[PDB]
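*Asks:* Quick one: this structure, given as C-alpha cells, is what I'll be asking you about.
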Amino acid sequence: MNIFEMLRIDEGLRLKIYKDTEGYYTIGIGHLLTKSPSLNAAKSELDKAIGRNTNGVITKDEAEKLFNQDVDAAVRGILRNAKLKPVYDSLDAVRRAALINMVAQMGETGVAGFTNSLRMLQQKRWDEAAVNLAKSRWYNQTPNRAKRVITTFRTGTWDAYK
Ligand SMILES: [Cl-]
Ligand SMILES: [Cl-]
C-alpha cells in the first residue's frame, strides 16, 4: 500500500466532470476544478489544466497526470507549512500518508486548522488524537473516508484499506 493507492481508493476515478460530495466540479482522482457553480467555468479550468479543448472529458493517462501533480503538491505544501511540517517530520511512513490524504482532501489550510489534533499526533497520543479528529465536520460529512484515515493514524498500519 502507498499514498497513491490509498487516495485512489478514497477518491475513485472518473473521466468526466462530476460533482464531489460538497457539490463542486471535479474530475479524475479527486482533482477539484472549481468551487464555482458554473459548468462552463469548470470546463474552462479543465482545458487550462490539461492543455487542450477537452469538452469535459479526459483520458486515463491525463487523470493520472493530474494525480501525480496533486500528490507532489500536497507533499510540498506540507513541507513548506510551518504548522504542518513539524508534524509530518515526527511521523512514521504510514501516518505521513494519512496526513497527506487529509491535505489532498481539504487543503493545507483546512488541515492546519486541526490544531489540537496535530499536537496530539505530534505527541504520539494515538487514541486521544483519533477521538479529537472525530469531533469535526470532516468526520460528520464523510464518515467512511474519515474513519479510514483516523484508523490509520491510530494504528500506524494499512488495515483500514485492506
Ligand atoms: Cl492544475
Ligand atoms: Cl465517506
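Just so we're on the same page: first chain in the C-alpha cells is A, next is B, and so on; residues restart at 1 for each chain, and ligands are numbered from 1 in the order they show up.
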Write out as a ChimeraX atom specification all residues of stretch 6-47 of chain A that backbone DSSP assigns to strand (DSSP E or B).
*Replies:* /A:14-19,25-28,31-34
*Asks:* Would you list the residues that come within 8 Å of ligand 1? Count only C-alpha atoms and all ligand atoms and give the answer as a ChimeraX atom specification.
*Replies:* /A:48-50,66,69
*Asks:* Give me, as a ChimeraX atom specification, all polymer residues having an atom no more than 9 Å from residue A:114, counting only C-alpha atoms and skipping those fewer than 6 positions away in the same chain.
*Replies:* /A:132-133,136
*Asks:* Please produce a file of the residues just selected, as a tab-separated table (two decimals), in the first residue's frame, where the atoms kept are N, CA and C atoms.
*Replies:*
chain	number	residue	atom	x	y	z
A	132	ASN	N	-10.23	13.13	19.07
A	132	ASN	CA	-10.32	14.54	18.70
A	132	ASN	C	-10.56	14.71	17.20
A	133	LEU	N	-9.90	13.91	16.35
A	133	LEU	CA	-10.10	14.08	14.90
A	133	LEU	C	-11.57	13.87	14.55
A	136	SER	N	-15.43	16.65	14.29
A	136	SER	CA	-15.22	17.65	13.26
A	136	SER	C	-16.28	17.51	12.19
*Asks:* I'd like the neighbourhood of residue A:122 as a PyMOL selection string, where a residue qualifies if any of its atoms comes within 12 Å (using only C-alpha atoms), though same-chain residues fewer than 3 positions away should be ignored.
*Replies:* chain A and resi 83-92+95-96+99+115-119+125-126+128-129+153
*Asks:* Around ligand 2, at most 6 Å away and counting only C-alpha atoms and all ligand atoms, which residues are there? Put them as a PyMOL selection string, please.
*Replies:* chain A and resi 142-145
*Asks:* Let's have the selection written as a PDB file, in the first residue's frame, with N, CA and C atoms.
*Replies:*
ATOM      1  N   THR A 142     -18.061  13.119   5.776  1.00  0.00           N
ATOM      2  CA  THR A 142     -17.527  11.952   5.053  1.00  0.00           C
ATOM      3  C   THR A 142     -16.964  11.003   6.084  1.00  0.00           C
ATOM      4  N   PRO A 143     -17.853  10.347   6.781  1.00  0.00           N
ATOM      5  CA  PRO A 143     -17.516   9.444   7.875  1.00  0.00           C
ATOM      6  C   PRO A 143     -16.738   8.190   7.474  1.00  0.00           C
ATOM      7  N   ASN A 144     -17.080   7.594   6.340  1.00  0.00           N
ATOM      8  CA  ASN A 144     -16.366   6.379   5.955  1.00  0.00           C
ATOM      9  C   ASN A 144     -14.894   6.644   5.644  1.00  0.00           C
ATOM     10  N   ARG A 145     -14.661   7.702   4.867  1.00  0.00           N
ATOM     11  CA  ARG A 145     -13.337   8.075   4.497  1.00  0.00           C
ATOM     12  C   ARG A 145     -12.603   8.544   5.731  1.00  0.00           C
TER      13      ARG A 145
END
*Asks:* May I have the residues within 12 Å of residue A:19 as JSON, numbers by chain, using only C-alpha atoms and disregarding those fewer than 6 positions away in the same chain?
*Replies:* {"A": [25, 26, 27, 28, 30, 31, 32, 33, 34, 35, 36, 37, 38, 39, 42]}
*Asks:* Determine, counting only C-alpha atoms, which protein, DNA and RNA residues have an atom within 10 Å of an atom of residue A:81; residues of the same chain fewer than 4 positions away are not included. Present the result as a count of residues only.
*Replies:* 8
*Asks:* Determine the nearest neighbour of residue A:74 from the options A:123, A:57, A:134, A:3, counting only C-alpha atoms.
*Replies:*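 The closest residue to residue A:74 is A:3.
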*Asks:* Neighbours of residue A:2 within 10 Å (only C-alpha atoms; same-chain residues fewer than 4 positions away dropped), as a list in words?
*Replies:* residues 6, 7, 8, 93, 94, 97 and 158 of chain A
*Asks:* Take atom CA of residue A:157 and atom CA of residue A:139 and report the distance between them in Å, one decimal.
*Replies:* 19.8 Å
*Asks:* Measuring atom to atom with only C-alpha atoms, identify which of A:98, A:78, A:10, A:113 is nearest to residue A:137.
*Replies:*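 Using only C-alpha atoms, residue A:137 sits closest to A:113.
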*Asks:* Suppose you want the space between atom CA of residue A:104 and atom CA of residue A:63; what is it in Å?
*Replies:*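 Rounded to one decimal, the two atoms are 15.1 Å apart.
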